[PDB]
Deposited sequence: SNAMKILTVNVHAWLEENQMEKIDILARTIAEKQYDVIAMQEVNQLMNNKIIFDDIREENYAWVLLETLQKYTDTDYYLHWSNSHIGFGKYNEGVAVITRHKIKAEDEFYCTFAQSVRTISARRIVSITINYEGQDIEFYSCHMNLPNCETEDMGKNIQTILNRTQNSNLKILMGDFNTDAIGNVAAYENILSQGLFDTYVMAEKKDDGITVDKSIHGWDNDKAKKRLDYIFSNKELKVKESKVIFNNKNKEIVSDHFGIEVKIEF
């Protein structure tokens, strides 16, 4: 039994930011997620390094320090910068985890690899040894499918080919692709040898992750798998129904057993 969460946090670009961080932290605390995957995690280019490449007030780092307020459980942070973002931010992705790790990677899944290009996207992977199996978790934030300088297929192939093994690869995040609207581009995702935990789930809700208040209701965020899994549940979270809103995207919360 393992519980996963993925959430595009729109870091430091949200109104009411501190309360929203607090909501997120409190939730992670109650639920005790094994792995949290986060996209649009920002830090100010001009702030001091704390350590590695992480600058003061990095959203993820703040989240973690807030998390410590509500749980004794040791959480670990792995973050990677992608490109120069909104304003004077570094935009990146992160993974938080309850578990210690065997491996960590940060790499570009895109052809663009310059911090000066919006379409350069770095991925963060984590390897956990769990119940005598090695599992790789990937936090992803992809470009629009129609993006004329990146091939989403190729990019996904880069992620999947980063390690050459027969490990369970779990691949989490914002894919900028509506499973309802642009079906051909969502089908294309799966063509890469991917299984969608939403579809595989025993219990599920409507699955909507972005709401612009059916005209404007979308499913843009996912949790994919390279193998078929026993997926007990797949709920949306932080949507003012199951927990308060913390971003401009809602999060996905998935329960897997193995």
item: Parts of the chain sequence, as deposited, that carry no C-alpha coordinates in this structure; value: 1 to 2, 216 to 221
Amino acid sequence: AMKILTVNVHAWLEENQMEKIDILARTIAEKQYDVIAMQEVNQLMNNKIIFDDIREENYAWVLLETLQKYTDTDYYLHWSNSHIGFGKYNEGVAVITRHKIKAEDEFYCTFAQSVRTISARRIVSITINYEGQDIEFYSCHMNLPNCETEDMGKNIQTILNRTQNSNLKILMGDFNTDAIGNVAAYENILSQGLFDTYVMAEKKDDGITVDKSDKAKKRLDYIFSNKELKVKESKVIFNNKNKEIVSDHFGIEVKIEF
From here on, numbers count along this sequence of modelled residues.
{"query": "Segment of higher mean CA temperature factor, 35 to 43 or 199 to 207", "finding": "199 to 207"}
{"query": "165 to 173 or 108 to 116, whichever carries the higher mean Cα B-factor", "finding": "165 to 173"}
{"query": "Residue, from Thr71, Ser80, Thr158, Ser125, that the PDB entry assigns the highest Cα B-factor", "finding": "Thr71"}
{"query": "Largest Cα B-factor, entry values, listed residues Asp53, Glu65, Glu228, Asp221", "finding": "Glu228"}
{"query": "Chain-relative CA temperature factor third for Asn58", "finding": "lowest"}
{"query": "Record-listed C-alpha B factor of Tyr130: chain third", "finding": "highest"}
{"query": "B-factor third for the C-alpha atom of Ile49 within its chain", "finding": "lowest"}
{"query": "Chain-relative CA temperature factor third for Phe137", "finding": "middle"}
{"query": "Third of the chain's Cα B-factor distribution that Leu144 belongs to, per the entry", "finding": "highest"}
